[PDB]
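What's counted below: heavy atoms across the whole structure, side chains too, no hydrogens, waters or symmetry copies. Throughout, protein chains are lettered first and strands after them, A, B, ... in sequence-line order, and every chain is numbered starting at 1. When a ligand or atom number is given, it counts from 1 through the structure's own listing order.
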Protein chains: 2
Amino acid sequence: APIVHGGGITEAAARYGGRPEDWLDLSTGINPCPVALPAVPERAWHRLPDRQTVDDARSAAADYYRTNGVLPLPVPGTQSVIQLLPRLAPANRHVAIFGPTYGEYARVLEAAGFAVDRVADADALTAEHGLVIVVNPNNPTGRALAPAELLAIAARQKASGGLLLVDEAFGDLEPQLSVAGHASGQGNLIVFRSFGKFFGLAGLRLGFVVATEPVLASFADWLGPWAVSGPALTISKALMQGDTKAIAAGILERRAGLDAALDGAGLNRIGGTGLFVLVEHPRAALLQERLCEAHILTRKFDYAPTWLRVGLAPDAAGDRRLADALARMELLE
Amino acid sequence: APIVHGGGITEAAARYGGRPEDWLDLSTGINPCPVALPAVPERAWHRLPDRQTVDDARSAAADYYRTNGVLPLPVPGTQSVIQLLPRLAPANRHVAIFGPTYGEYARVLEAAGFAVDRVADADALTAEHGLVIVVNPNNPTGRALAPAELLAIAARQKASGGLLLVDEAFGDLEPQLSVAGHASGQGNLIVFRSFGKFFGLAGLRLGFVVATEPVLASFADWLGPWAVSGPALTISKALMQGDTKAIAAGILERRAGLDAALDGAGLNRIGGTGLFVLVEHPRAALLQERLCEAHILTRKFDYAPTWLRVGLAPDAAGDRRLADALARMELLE
Ligand SMILES: Cc1ncc(COP(=O)(O)O)c(CNC[C@@H](C)OP(=O)(O)O)c1O
Ligand SMILES: Cc1ncc(COP(=O)(O)O)c(CNC[C@@H](C)OP(=O)(O)O)c1O
Ligand SMILES: [Cl-]
Ligand SMILES: [Cl-]
Ligand SMILES: [Cl-]
Ligand SMILES: [Cl-]
Ligand SMILES: [Cl-]
Ligand SMILES: [Cl-]
Ligand code: NA
């Protein structure tokens with residue numbers, strides 16, 4: 001069975017009742033206040049995506065991610081290039097994953113016959129690891145390695161022909177943590193960027209890969225022609241060239257609202273990012289179920305029974321709705 | 001180097017001059033008159049695509065393709081599941097492709113180490129062929145096998161555990177040719193459907209797979225979560241439930257316009273579908289180049305130097321623009 005990711009409002013409503021639009025979905029890390037849609041000309045809807053449409057999105061992404069001249073490859077969601085890591089990871093070597101983290105990396109790689117080593121820090125890394133994977137900042141804990149630590153990991157693995165993959169899906173709010181500007185100088189470094197979370201348009205399937213040209217050419221060939229939609233490439237070019245400072249500011253305001261609601265309910269926050277909070281509670285799974293009975297979806301983890309990941313609400317009313325559900329919740333037994 | 005597919009207006013304009021919007025693109029088989037966009041609610045843009053959004057598109061596609069109860073799997077363009085045929089095609093067996101045809105099948109499968117046999121009819125098919133691929137009606141010749149011939153091919157290959165793939169990307173105009181209703185009864189039959197060509201929204205990346213549940217479950221796992229965008233699934237549900245009779249009627253009117261322009265220019269039409277024409281001319285490659293100098297893009301083929309595939313123009317003015325370019329063209333030497 002596939003991983004039960006956040007966002008499962010359809011399945012939650014079927015089990016707990018209510019209309020999907022009446023649920024408060026706090027089970028993802030998506031910006032709850034989507035940016036206004038830019039114009040998408042009819043040409044972008046009608047035609048197979050043109051090289052010019054691709055190139056403009058790549059140029060905007062290079063400026064936006066500060067890639068020091070590397071033109072990022074647009075991909076139809078970073079999930080699509082996660083599915084392709086078996087073709088890149090050095091054959092007959094282990095993969096080390098800084099965890100616990102987003103589950104698709106281990107799922108995809110183990111399904112392809114790779115041996116996956118769960119690690120918590122760099123001192124566990126060896127020459128047996130053909131690929132090292134860091135989600136930075138981490139999903140779901142928010143742990144952030146400094147760029148210098150990431151580059152030291154890369155340099156150490158490079159000696160044995162190992163690669164370092166840094167998934168910066170949740171890194172837009174802290175661009176000073178990014179190593180997306182180091183692809184050419186490091187040589188063995190790959191960076192995934194995700195478009196949906198920060199901009200709040202996760203209905204679009206769009207990410208970007210920053211890497212050396214031989215690696216980008218490989219991903220491009222594996223994905224095949226017309227991999228990313230015309231509308232997605234049009235929208236990302238416009239939004240990345242707009243005022244992203246105001247996007248970050250709005251997110252931090254909603255994060256302050258979530259902090260106040262969770263702290264005021266007596267919950268213990270142990271980590272997170274601008275876009276979600278990790279709560280630790282001895283009955284986290286029962287909290288998740290009781291919140292579902294209030295038609296509020298949050299994210300629980302089968303590997304961490306005391307963990308609850310709570311995303312941002314869209315406004316102060318939603319903050320208050322969360323707080324009231326916690327305050328009026330029935331016995332946790 | 002990747003195949004030079006039709007649609008390369010960016011590259012054509014850079015070589016031959018002109019602004020891309022001033023070119024007449026007759027190098028694809030896309031409906032030149034895109035349907036009006038249905039409403040796409042903000043929810044569909046904002047959220048990761050929900051199971052309910054997927055299921056509604058699958059139900060609409062089952063009705064639209066007349067799949068006899070099979071719910072088609074939405075995929076982000078049929079190119080995405082072509083890239084995945086190596087995982088489905090029986091290992092250590094040959095693949096037979098009815099050709100000459102769309103080039104990505106042989107490109108993908110040979111890159112994966114499969115032996116590909118080009119065939120022209122069923123009498124060349126043997127038990128050595130683990131997979132047989134028919135594009136029906138064919139791109140670029142328009143050749144159409146009858147459903148009974150396709151099912152006879154399927155039944156014959158089934159005896160040796162062989163599969164039959166029918167790509168009906170260009171089949172919407174002739175639904176009576178489709179075998180999309182035979183997945184359950186045939187058992188070894190897979191059908192690809194493409195959304196962009198008939199509806200004229202090729203900026204969206206959307207197709208559908210009709211097959212038995214074990215095969216659909218395999219494709220779904222290989223593609224991973226959230227493979228198809230929210231907007232694409234919203235738009236296809238609405239358009240498939242609308243008046244598609246009027247879409248077909250408009251296409252045939254533009255096809256009549258193209259026929260008149262090509263016949264009146266003295267060109268020999270040797271095949272096609274409602275959405276494109278195959279012309280045979282002893283200097284086809286030079287015709288393509290001269291049309292480019294008039295900023296009209298058509299499709300030539302490196303394997304067939306006397307073939308020229310011409311797509312529909314958007315209106316009668318474009319028909320006349322094509323005719324005038326042929327009439328005023330300089331020496332073909
Ligand atoms: C770290 C990370 N990397 C990549 C992706 C893929 O995003 P995209 O394909 O849109 O670029 C996700 C999505 N994570 C989505 C989230 C709902 O899943 P969980 O509840 O399992 O954490 C992610 O969390
Ligand atoms: C027969 C066939 N099957 C599948 C596809 C893929 O379409 P989609 O991914 O949108 O479902 C195409 C696209 N063919 C597009 C065309 C421009 O390519 P050529 O000039 O090489 O024929 C096709 O012609
Ligand atoms: Cl109810
Ligand atoms: Cl998320
Ligand atoms: Cl830069
Ligand atoms: Cl010019
Ligand atoms: Cl086409
Ligand atoms: Cl039916
Ligand atoms: Na889209």
Side-chain angles (χ1 to χ4, degrees), chain A residues 5-7 25-32 47-50 76-79 102 139-140 169-170 194-198 200 202 224-227 229-230 273 275-276 299 309 311-312, chain B residues 2-9 25-32 47-48 74-83 85 97-105 107-108 133-142 165-171 191-209 225-226 228 232 273 275-276 278 297-303 307 309-312:
Chain A
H5 298 289
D25 187 5
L26 311 178
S27 67
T28 73
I30 301 164
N31 183 352
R47 302 183 47 81
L48 289 167
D50 290 296
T78 57
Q79 192 59 42
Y102 187 60
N139 168 5
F170 289 100
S194 171
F195 183 78
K197 285 119 186 49
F198 179 77
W226 318 293
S229 83
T273 68
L275 287 161
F276 58 83
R299 179 70 152 96
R309 192 191 62 208
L312 304 183
Chain B
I3 294 164
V4 182
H5 298 289
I9 287 292
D25 187 5
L26 311 178
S27 67
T28 73
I30 301 164
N31 183 352
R47 302 183 47 81
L48 289 167
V75 298
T78 57
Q79 192 59 42
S80 70
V81 288
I82 296 175
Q83 306 284 138
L85 281 182
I97 304 182
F98 280 60
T101 189
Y102 187 60
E104 288 288 342
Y105 288 107
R107 174 191 177 90
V108 167
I133 303 178
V134 188
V135 178
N136 204 60
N138 192 38
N139 168 5
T141 67
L165 170 68
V166 188
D167 181 348
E168 305 181 340
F170 289 100
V191 177
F192 289 171
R193 303 304 303 238
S194 171
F195 183 78
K197 285 119 186 49
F198 179 77
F199 293 91
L201 295 174
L204 292 179
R205 308 302 302 123
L206 176 65
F208 295 87
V209 181
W226 318 293
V228 178
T273 68
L275 287 161
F276 58 83
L278 186 60
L297 192 56
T298 56
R299 179 70 152 96
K300 63 178 180 165
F301 303 90
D302 55 3
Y303 60 81
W307 280 11
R309 192 191 62 208
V310 188
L312 304 183

Participant: Of all the non-hydrogen atoms in the protein, which one sits nearest to atom 9 (O) of ligand 2, and at what distance?
Facilitator: B/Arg205 NH2, 2.8 Å
Participant: Looking only at distances, can you tell me whether any N or O atom of B/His5, backbone or side chain, sits closer than 3.5 Å to an N or O atom of ligand 2?
Facilitator: yes
Participant: Parallel, tilted or perpendicular for B/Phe195 and B/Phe199, by the 30°/60° rule?
Facilitator: parallel
Participant: In terms of ring plane angle, is the pair B/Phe301 and B/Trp307 parallel, tilted or perpendicular, where the classes change at 30° and 60°?
Facilitator: perpendicular
Participant: Indicate yes or no: at least one non-hydrogen side-chain atom of A/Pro140 is less than 4.5 angstrom from one of A/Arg299.
Facilitator: no
Participant: Quick test of your reading of the structure: of B/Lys197, B/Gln83, B/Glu104, whose heavy atom lies closest to atom 12 (C) of ligand 2?
Facilitator: B/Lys197
Participant: Which ligand 2 atoms does B/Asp167 reach within 4.0 Å, using its non-hydrogen atoms?
Facilitator: 1 (C), 2 (C), 3 (N), 4 (C)
Participant: Can you check which of A/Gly224, B/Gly6, B/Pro137, B/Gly207 brings a heavy atom nearest to atom 17 (C) of ligand 2?
Facilitator: B/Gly6
Participant: Under a 4.5 Å cut-off applied to non-hydrogen side-chain atoms, are B/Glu104 and B/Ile3 in contact?
Facilitator: yes
Participant: Report the distance from atom OG of A/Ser229 to atom CG of B/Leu206, rounding to the nearest 0.5 Å.
Facilitator: 11.0 Å
Participant: Report the nearest protein non-hydrogen atom to atom 14 (N) of ligand 2: residue, atom name, distance rounded to 0.1 Å.
Facilitator: B/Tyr102 CE1, 3.3 Å
Participant: Nearest to atom 24 (O) of ligand 2, what protein heavy atom do you find, and at what distance?
Facilitator: B/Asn139 ND2, 2.7 Å
Participant: Regarding B/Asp167 and B/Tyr105, is there a side-chain donor-to-acceptor distance under 3.5 Å anywhere?
Facilitator: yes
Participant: Between CZ of A/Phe170 and NZ of A/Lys197, what distance do you get to the nearest 0.5 Å?
Facilitator: 5.0 Å
Participant: Looking at ligand 2, is there an atom of it that comes within less than 4.0 Å of some heavy atom belonging to B/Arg309?
Facilitator: yes
Participant: Short N/O distance, under 3.5 Å, between B/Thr28 and ligand 2?
Facilitator: no
Participant: Hey, what do you get for CG (B/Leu312) to OG1 (B/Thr273), rounding to the nearest 0.5 Å?
Facilitator: 7.5 Å
Participant: For B/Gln79, is at least one N or O under 3.5 Å away from an N or O on ligand 2?
Facilitator: yes
Participant: Report yes or no: is the cationic atom of B/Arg309 (NZ for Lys, CZ for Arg) closer than 6.0 Å to the six-membered ring centre of B/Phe276, at no more than 45° off its axis?
Facilitator: yes
Participant: Just let me know how B/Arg299 lines up against ligand 2, side chain, backbone, both or neither, with a heavy-atom cut-off below 4.0 Å.
Facilitator: side chain
Participant: Could you find the nearest protein heavy atom to atom 6 (C) of ligand 2 and give me its residue, atom name and distance?
Facilitator: B/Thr78 OG1, 3.2 Å
Participant: In terms of atom number and element, which parts of ligand 2 are under 4.0 angstrom from non-hydrogen atoms of B/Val135?
Facilitator: 1 (C)
Participant: Give a yes/no on ligand 2: does B/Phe170 have at least one heavy atom closer than 4.0 angstrom to it?
Facilitator: yes
